[PDB]
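Okay, here we've got a single chain as structure tokens, the form deposited in one PDB entry, with questions on binding and movement later.
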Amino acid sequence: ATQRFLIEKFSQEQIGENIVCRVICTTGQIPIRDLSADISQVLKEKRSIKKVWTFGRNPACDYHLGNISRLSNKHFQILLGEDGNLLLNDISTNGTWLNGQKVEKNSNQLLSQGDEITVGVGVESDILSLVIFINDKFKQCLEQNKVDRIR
């Protein structure tokens, strides 16, 4: 098996190519997505932030939620730039929640392992939650920060 085997890998894509963080909806509303950033860009970018994701009801947003009034076009945004760490920025009209605790809007917070962000607060049954999964593999590359394209 040569050609057929190649097809098998087609469906099963190895995750962890350049993934920064992963977003998983535990409330069962939005499909799981994976946030990623290129190493070269991270090493080259000597600024505070490098790549940031925007989440919300906006089809432009790096993350497409769905159709919840409690959520804004761009409910929340995630930025990556720290020394291997990640930053979560809330950008909702009503606010972004962390494990039941509401954080300061447009504020940067240190990412957490398997953390979770709650949004659409106002109604007990109208709140949506999201889980953040950090890629340990990515941290390894950033922690070492080695170059292999210098000439």
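Residue numbers run from 1 along the displayed sequence.
We do not show the form solved in complex with a partner chain, though everything after this point is about it.
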Problem - The single option of 94, 108, 54, 118 touching the partner chain in the bound PDB entry, heavy atom within 4.5 Å - result: 94
Problem - the partner chain contact in the bound PDB entry: residue 77, any heavy atom under 4.5 Å - result: no
Practice task
Check whether residue 40 has any heavy atom within 4.5 Å of a heavy atom of the partner chain in the bound PDB entry, and answer yes or no.
Solution key: no
Problem - Close approach of residue 102 to the partner chain in the bound PDB entry, 4.5 Å, heavy atom - result: yes
Exercise for the section: Find out whether any non-hydrogen atom of residue 70 is located within 4.5 angstroms of the partner chain in the bound PDB entry, and reply yes or no. Expected result: yes
